[PDB]
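Input: a single structure, listed below in structure tokens.
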Amino acid sequence: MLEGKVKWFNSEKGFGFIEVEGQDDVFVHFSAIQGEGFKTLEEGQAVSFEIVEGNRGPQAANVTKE
Ligand SMILES: [Mg+2]
């Protein structure tokens, strides 16, 4: 599991980016967010996650707030 923080997140639509030091930002969709409740993220939130890549390119998976 990779570590980063939320660069920004559009809570209305439910997407944004995780920034990772020395690496490309990673797109994150609300559907990747683990845990209970309304799936959202705040700018600056630490997260652990994986990067999953299919034909659409890499995005975050298994995102847990840290
Ligand atoms: Mg950067």
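Following the order of the structure tokens, first chain is A, next is B, and so on, with residues numbered from 1 inside each chain and ligands from 1 in the order they appear.
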Review point. So which residues of chain A fall under strand (DSSP E or B) by DSSP, listed as a PyMOL selection string?
Key: chain A and resi 2-10+15-19+26-29+33+46-54+57-65
Print the selection's residues with N, CA, C and O atoms to a file, as a compact mmCIF listing (two decimals), in the first residue's frame.
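out_3.txt was written with the following content:
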# COMPACT_ATOMS: atom_id res chain seq x y z
N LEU A 2 0.51 2.14 -0.90
CA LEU A 2 1.17 3.40 -1.09
C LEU A 2 0.59 4.43 -0.14
O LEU A 2 -0.50 4.26 0.37
N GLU A 3 1.34 5.48 0.10
CA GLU A 3 0.93 6.56 1.00
C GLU A 3 0.98 7.88 0.24
O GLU A 3 1.89 8.14 -0.57
N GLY A 4 0.00 8.73 0.49
CA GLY A 4 0.04 10.09 -0.03
C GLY A 4 -0.97 10.92 0.71
O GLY A 4 -1.37 10.59 1.82
N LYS A 5 -1.34 12.04 0.10
CA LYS A 5 -2.37 12.90 0.66
C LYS A 5 -3.22 13.43 -0.46
O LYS A 5 -2.79 13.47 -1.63
N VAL A 6 -4.41 13.88 -0.08
CA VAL A 6 -5.36 14.38 -1.04
C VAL A 6 -4.91 15.77 -1.48
O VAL A 6 -4.80 16.65 -0.66
N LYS A 7 -4.60 15.90 -2.77
CA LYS A 7 -4.23 17.17 -3.40
C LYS A 7 -5.43 18.09 -3.51
O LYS A 7 -5.35 19.27 -3.24
N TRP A 8 -6.52 17.53 -4.00
CA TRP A 8 -7.81 18.17 -3.98
C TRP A 8 -8.89 17.15 -4.20
O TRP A 8 -8.63 16.04 -4.67
N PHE A 9 -10.12 17.52 -3.84
CA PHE A 9 -11.23 16.60 -4.07
C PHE A 9 -12.52 17.38 -4.24
O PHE A 9 -12.87 18.19 -3.39
N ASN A 10 -13.17 17.18 -5.39
CA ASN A 10 -14.47 17.76 -5.67
C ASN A 10 -15.46 16.89 -4.92
O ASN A 10 -15.75 15.81 -5.38
N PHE A 15 -14.70 13.25 -7.04
CA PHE A 15 -13.39 12.85 -7.57
C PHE A 15 -12.33 13.88 -7.28
O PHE A 15 -12.63 15.04 -6.95
N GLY A 16 -11.08 13.46 -7.46
CA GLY A 16 -9.96 14.33 -7.18
C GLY A 16 -8.66 13.60 -7.42
O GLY A 16 -8.64 12.64 -8.19
N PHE A 17 -7.60 14.10 -6.79
CA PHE A 17 -6.27 13.53 -6.96
C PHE A 17 -5.55 13.39 -5.64
O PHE A 17 -5.67 14.24 -4.74
N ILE A 18 -4.80 12.29 -5.54
CA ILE A 18 -3.87 12.05 -4.46
C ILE A 18 -2.48 12.41 -4.96
O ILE A 18 -2.06 11.95 -6.01
N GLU A 19 -1.77 13.21 -4.19
CA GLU A 19 -0.39 13.56 -4.52
C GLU A 19 0.55 12.65 -3.73
O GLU A 19 0.30 12.32 -2.56
N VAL A 26 -2.29 10.73 -8.54
CA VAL A 26 -3.16 9.60 -8.82
C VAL A 26 -4.62 10.02 -8.71
O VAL A 26 -5.06 10.55 -7.70
N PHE A 27 -5.37 9.82 -9.79
CA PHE A 27 -6.80 10.09 -9.79
C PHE A 27 -7.52 9.21 -8.77
O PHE A 27 -7.26 8.01 -8.68
N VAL A 28 -8.43 9.81 -8.01
CA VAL A 28 -9.23 9.06 -7.07
C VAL A 28 -10.70 9.39 -7.24
O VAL A 28 -11.08 10.55 -7.29
N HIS A 29 -11.49 8.33 -7.38
CA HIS A 29 -12.93 8.45 -7.46
C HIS A 29 -13.52 8.05 -6.15
O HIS A 29 -12.93 7.25 -5.43
N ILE A 33 -13.00 4.81 -2.09
CA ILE A 33 -12.81 5.18 -0.69
C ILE A 33 -13.43 4.10 0.18
O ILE A 33 -14.59 3.74 0.01
N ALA A 46 -4.35 12.60 4.73
CA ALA A 46 -3.44 11.48 4.45
C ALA A 46 -4.25 10.27 4.10
O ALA A 46 -5.29 10.02 4.70
N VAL A 47 -3.75 9.51 3.14
CA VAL A 47 -4.40 8.29 2.70
C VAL A 47 -3.38 7.20 2.39
O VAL A 47 -2.24 7.49 1.95
N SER A 48 -3.81 5.94 2.55
CA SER A 48 -3.10 4.81 2.00
C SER A 48 -3.96 4.28 0.88
O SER A 48 -5.19 4.35 0.95
N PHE A 49 -3.33 3.75 -0.16
CA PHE A 49 -4.09 3.32 -1.33
C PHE A 49 -3.23 2.44 -2.20
O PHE A 49 -2.01 2.28 -1.95
N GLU A 50 -3.86 1.84 -3.20
CA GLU A 50 -3.16 1.16 -4.28
C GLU A 50 -3.52 1.84 -5.57
O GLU A 50 -4.47 2.64 -5.62
N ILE A 51 -2.76 1.54 -6.61
CA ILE A 51 -3.03 2.06 -7.94
C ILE A 51 -3.45 0.91 -8.79
O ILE A 51 -2.71 -0.06 -8.90
N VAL A 52 -4.64 1.02 -9.38
CA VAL A 52 -5.16 -0.04 -10.25
C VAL A 52 -5.26 0.49 -11.67
O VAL A 52 -5.81 1.58 -11.92
N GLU A 53 -4.72 -0.27 -12.60
CA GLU A 53 -4.70 0.13 -13.99
C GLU A 53 -5.37 -0.90 -14.90
O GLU A 53 -4.99 -2.05 -14.96
N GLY A 54 -6.36 -0.41 -15.64
CA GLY A 54 -6.95 -1.14 -16.76
C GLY A 54 -6.78 -0.30 -18.03
O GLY A 54 -5.89 0.55 -18.14
N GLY A 57 -6.46 3.59 -17.81
CA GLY A 57 -5.32 4.17 -17.12
C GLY A 57 -5.36 3.94 -15.62
O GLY A 57 -6.27 3.25 -15.11
N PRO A 58 -4.35 4.46 -14.91
CA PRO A 58 -4.21 4.23 -13.46
C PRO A 58 -5.12 5.11 -12.65
O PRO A 58 -5.26 6.31 -12.94
N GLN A 59 -5.76 4.52 -11.65
CA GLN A 59 -6.46 5.31 -10.65
C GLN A 59 -6.30 4.65 -9.29
O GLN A 59 -5.81 3.53 -9.19
N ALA A 60 -6.71 5.36 -8.24
CA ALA A 60 -6.62 4.86 -6.88
C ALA A 60 -7.65 3.77 -6.62
O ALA A 60 -8.76 3.76 -7.19
N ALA A 61 -7.24 2.83 -5.80
CA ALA A 61 -8.13 1.81 -5.30
C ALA A 61 -7.88 1.65 -3.82
O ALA A 61 -6.80 1.96 -3.31
N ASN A 62 -8.89 1.17 -3.12
CA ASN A 62 -8.66 0.79 -1.72
C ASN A 62 -8.10 1.93 -0.89
O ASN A 62 -7.13 1.76 -0.14
N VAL A 63 -8.74 3.10 -1.00
CA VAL A 63 -8.24 4.31 -0.36
C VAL A 63 -8.77 4.39 1.04
O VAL A 63 -9.98 4.42 1.24
N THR A 64 -7.87 4.42 2.01
CA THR A 64 -8.25 4.53 3.41
C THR A 64 -7.65 5.81 3.98
O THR A 64 -6.48 6.12 3.77
N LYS A 65 -8.48 6.53 4.72
CA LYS A 65 -8.05 7.75 5.38
C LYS A 65 -7.10 7.39 6.53
O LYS A 65 -7.38 6.45 7.29
**Study point:** ligand 1 neighbours within 8 Å using only C-alpha atoms and all ligand atoms, as a VMD selection string
**Key:** chain A and resid 19 to 25
Review point. When you draw a straight line from atom CA of residue A:14 to atom CA of residue A:30, how long is it in Å?
Key: 4.9 Å
